[PDB]
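Notes follow once the structure below has been shown.
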Amino acid sequence: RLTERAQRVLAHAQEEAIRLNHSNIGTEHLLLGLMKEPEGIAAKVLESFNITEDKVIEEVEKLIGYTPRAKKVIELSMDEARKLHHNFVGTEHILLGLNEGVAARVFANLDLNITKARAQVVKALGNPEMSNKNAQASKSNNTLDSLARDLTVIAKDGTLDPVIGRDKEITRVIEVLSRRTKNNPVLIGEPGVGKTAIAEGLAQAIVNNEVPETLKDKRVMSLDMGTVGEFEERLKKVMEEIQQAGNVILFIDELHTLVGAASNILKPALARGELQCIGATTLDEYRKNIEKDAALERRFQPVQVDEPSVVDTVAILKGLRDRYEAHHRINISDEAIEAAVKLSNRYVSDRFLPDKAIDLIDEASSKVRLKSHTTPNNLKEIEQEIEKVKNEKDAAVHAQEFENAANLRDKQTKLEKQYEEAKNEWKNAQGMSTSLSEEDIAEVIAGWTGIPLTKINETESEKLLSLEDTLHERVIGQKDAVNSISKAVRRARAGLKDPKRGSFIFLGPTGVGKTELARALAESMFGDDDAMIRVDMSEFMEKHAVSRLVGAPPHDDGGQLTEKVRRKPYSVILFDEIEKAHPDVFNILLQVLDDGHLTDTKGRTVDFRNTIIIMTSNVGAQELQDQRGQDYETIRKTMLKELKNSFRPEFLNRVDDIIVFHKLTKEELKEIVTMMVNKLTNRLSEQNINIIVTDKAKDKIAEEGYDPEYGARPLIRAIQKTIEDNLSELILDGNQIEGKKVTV
């Protein structure tokens with residue numbers, strides 16, 4: 001039938017009949033629709049000559065204080081289709097149909113059909129705009145108080161200060177009011193980290209008035225969420241007032257309203273279908289609270305960026321790099337910014353990097369600022385010079401010294417003699433200036449984590465360089481397999497695997513570097529081995545696939561490890577004896593191997609690629625006859641086949657690498673025992689005691705305990721069994737201690 005040009009406002013002038021509830025649908029539905037709001041859309045050009053638009057609004061709005069007269073206005077409006085050389089009829093020739101639509105009284109809003117309206121048709125384009133670019137009928141074309149306090153005017157002071165970077169984000173925010181659905185995005189995750197300062201980005205657009213054509217009217221107010229007998233009847237009061245005033249928005253500041261003094265206070269007024277504002281909730285509180293309603297989970301749009309990304313933080317950081325510089329009184333060599341984002345990026349597994357890196361602006365800036373806080377030892381030596389006798393200088397006044405005389409003015413002259421030097425070298429020595437990286441990185445995370453080693457130094461031009469080397473220092477051997485890994489998930493790093501996507505097999509007996517270099521492995525990785533978690537795949541069989549996958553058909557025995565790592569922000573996993581099982585289970589252990597995570601039943605989808613899992617085998621004592629010195633390719637290919645006997649390439653094509661044991665010898669026995677000596681060097685020679693290494697006893701007992709069954713691990717205890725008891729010898733000595741050395 002009709003078009004988009006202001007039949008828009010006749011469909012919603014039929015909503016103006018629903019708005020204004022009148023038994024004659026009046027021209028003030030056409031015009032109090034056509035004037036959508038009391039804003040100056042006065043932009044109708046006829047407030048020049050005779051009749052004010054706002055005067056029409058007031059007097060016809062007192063007349064209320066298609067109605068076939070105005071259904072003939074539909075006709076006379078369609079009569080204007082050929083009168084002014086058009087295709088179609090536009091937006092204000094409704095009013096050029098509005099003979100009847102006048103407030104014709106003593107103050108008549110009688111409407112000029114010609115008078116200077118023809119000069120106003122020399123004004124309006126007319127025959128250029130027939131219709132339809134999509135439809136080109138746009139805008140200017142041819143208690144009310146501290147209960148809702150704001151920051152909008154406070155930003156419009158300029159006192160609130162510009163954060164930067166969220167152009168697309170605040171753009172999204174603009175798009176949310178373009179919904180017909182969900183007028184807030186509940187920013188989830190870590191809100192208010194700067195996401196409150198994203199709202200400062202929004203009021204920042206208000207003070208800019210980059211805030212558009214339309215949205216300059218309504219404004220952000222800050223809610224008062226505090227306590228009073230009843231708290232809430234006042235709030236129900238102020239609801240109808242400012243909601244009736246209706247030219248603002250507010251926040252839920254922190255909490256969705258689930259309280260006792262009540263929860264459903266004006267949550268029914270929300271449920272009245274009204275009231276565009278902003279809520280507040282997090283990731284799992286979207287998942288709890290907002291989803292706990294599932295009408296909250298209906299009504300708002302969940303959006304976040306986190307406690308955020310990289311160059312976002314570079315943006316807002318180098319933008320606020322003047323503001324918080326007016327706080328912390330230092331300013332930046334931006335390599336500190338680089339290394340800061342870089343390192344707390346590498347670190348913080350449970351909290352997030354960047355508002356914690358704003359907190360690094362706090363810690364590091366507070367650190368240089370605390371070589372920069374209080375009165376400035378040699379200036380304090382000058383203060384000792386200020387600090388010999390005023391605090392006892394004087395009393396010769398009290399009685400008859402002929403002596404007041406001397407020592408009085410001796411120390412008058414003598415101090416003031418020795419004084420203004422303090423001013424001179426003090427104002428000189430009141431340090432260097434900008435916030436350098438090196439030590440306001442190194443010193444400060446040394447104030448947090450430490451050692452400018454694995455905990456700080458760690459540029460991976462260092463450890464990726466000496467990587468294979470470094471772990472090969474720990475448990476020697478398998479260096480082929482070592483940089484088969486260090487190579488292998490070297491190219492997990494530099495992004496060349498999937499960002500959510502690694503498994504490594506053992507070939508030997510336990511604790512030969514299985515326990516010990518799976519140990520020393522993760523202890524090299526992030527400096528600490530504690531991440532790594534065990535199930536044998538002799539253990540995960542059928543209903544440890546139940547206690548691996550939660551029940552309801554067969555209990556909450558699901559996950560021997562699930563709820564732990566579910567709570568954890570970081571872990572590493574090692575599993576054992578894989579083709580001790582059959583090709584059937586390798587699909588559920590392959591379900592561990594999936595997803596860029598695992599799907600068990602309990603809690604959360606996250607990354608894989610930050611750390612590693614590891615596999616282990618021991619069965620191939622048969623192919624040790626192959627070792628009894630055939631190659632990597634021979635025996636790895638042999639138990640790559642014998643591997644593949646039970647295995648699945650879905651499952652195996654989630655495993656990275658076959659990892660050998662170069663079974664070990666008595667020599668590697670001797671040398672990991674030599675590492676055990678270097679342990680006691682590393683711990684108990686910290687009393688810095690010298691060491692007799694008697695190779696009689698060493699190769700004696702080493703010769704003894706080279707276990708065919710157990711390998712090396714238990715013997716280590718069986719070393720110390722005597723040996724550290726031998727230390728007790730030494731402990732009960734206190735004599736062959738630091739600097740000296742005995743054994744047999």
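Every chain in the structure tokens takes a letter, A first, then B, and so on in the order presented; its residues are numbered from 1, and the ligands are numbered from 1 following the presented order.
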Would you mind writing down, as number ranges by chain, each residue of stretch 351-537 of chain A that DSSP on the backbone assigns to helix (DSSP H, G or I)?
A: 355-368, 378-385, 395-398, 405-417, 421-428, 438-446, 467-472, 479-488, 514-525
List the neighbours of residue A:513 out to 10 Å using only C-alpha atoms; skip same-chain residues closer than 6 positions along the sequence, and give me the result as a PyMOL selection string.
chain A and resi 474-478+506+519-521+661+664+672+712-713
Just-selected residues, N, CA and C atoms written as a CSV table (one decimal), in the first residue's frame:
```csv
chain,number,residue,atom,x,y,z
A,474,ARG,N,68.7,-31.1,32.9
A,474,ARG,CA,67.9,-31.6,34.1
A,474,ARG,C,68.0,-33.1,34.2
A,475,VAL,N,67.4,-33.8,33.3
A,475,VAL,CA,67.6,-35.3,33.2
A,475,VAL,C,68.2,-35.5,31.8
A,476,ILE,N,69.5,-36.0,31.8
A,476,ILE,CA,70.2,-36.1,30.5
A,476,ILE,C,69.7,-37.3,29.7
A,477,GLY,N,69.8,-37.2,28.4
A,477,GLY,CA,69.3,-38.2,27.5
A,477,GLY,C,68.1,-37.6,26.7
A,478,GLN,N,67.7,-38.4,25.7
A,478,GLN,CA,66.5,-38.3,24.9
A,478,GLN,C,66.5,-36.9,24.2
A,506,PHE,N,55.9,-41.6,26.6
A,506,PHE,CA,57.1,-42.0,27.2
A,506,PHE,C,57.4,-43.5,26.8
A,519,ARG,N,58.6,-34.1,35.8
A,519,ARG,CA,58.8,-33.2,36.9
A,519,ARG,C,59.7,-32.0,36.4
A,520,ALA,N,60.9,-32.2,36.1
A,520,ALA,CA,61.9,-31.2,35.7
A,520,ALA,C,61.5,-30.4,34.5
A,521,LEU,N,60.7,-31.1,33.6
A,521,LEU,CA,60.0,-30.6,32.5
A,521,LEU,C,59.2,-29.4,32.8
A,661,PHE,N,63.1,-43.2,25.8
A,661,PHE,CA,64.2,-43.2,26.9
A,661,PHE,C,65.4,-43.8,26.3
A,664,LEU,N,67.3,-46.9,30.5
A,664,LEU,CA,68.5,-46.1,30.6
A,664,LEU,C,69.6,-47.1,31.0
A,672,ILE,N,72.5,-39.1,36.8
A,672,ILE,CA,71.3,-38.5,37.5
A,672,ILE,C,71.5,-38.7,39.0
A,712,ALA,N,65.5,-46.8,38.4
A,712,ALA,CA,66.4,-45.9,39.2
A,712,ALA,C,65.7,-45.3,40.4
A,713,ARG,N,64.5,-44.8,40.3
A,713,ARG,CA,63.7,-44.0,41.2
A,713,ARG,C,63.9,-44.4,42.7
```
If you run DSSP on this backbone, which residues of stretch 284-464 of chain A come out as strand (DSSP E or B), and could you give them as a list in words?
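Reading the DSSP output for stretch 284-464 of chain A, strand (DSSP E or B) covers residues 301, 302, 303, 332 and 435 of chain A.
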Output as a Markdown table one row per residue of stretch 504-547 of chain A within 12 Å of stretch 626-645 of chain A: the closest atom pair and its distance in Å to one decimal place, counting only C-alpha atoms, sorted by chain and residue number ascending.
```
| residue | atom | partner | partner_atom | distance |
| --- | --- | --- | --- | --- |
| A:505 | CA | A:643 | CA | 10.2 |
| A:506 | CA | A:636 | CA | 11.2 |
| A:507 | CA | A:639 | CA | 9.2 |
| A:508 | CA | A:627 | CA | 11.3 |
```
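For the residues A:322, A:284, A:194, A:244, ranking by smallest atom-to-atom distance to residue A:308 using only C-alpha atoms places A:194 first.
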Near residue A:431, within 10 Å and counting only C-alpha atoms, which residues show up once chain neighbours fewer than 3 positions away are dropped, as a PyMOL selection string?
chain A and resi 368+371-372+428+434
Residue selection dump (C-alpha atoms) as a compact mmCIF listing (two decimals), in the first residue's frame:
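Below you can see part_26.txt, which holds the result:
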```txt
# COMPACT_ATOMS: atom_id res chain seq x y z
CA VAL A 368 59.72 5.10 41.05
CA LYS A 371 62.20 6.65 45.02
CA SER A 372 60.19 9.83 44.84
CA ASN A 428 69.87 20.04 43.38
CA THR A 434 60.95 9.14 32.89
```
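Comparing A:174, A:537, A:259, A:63 by their smallest distance to residue A:227, the closest is A:259 (using only C-alpha atoms).
For the choices A:545, A:98, A:223, A:106, the atom-to-atom distance to residue A:251 is smallest for A:223 when using only C-alpha atoms.
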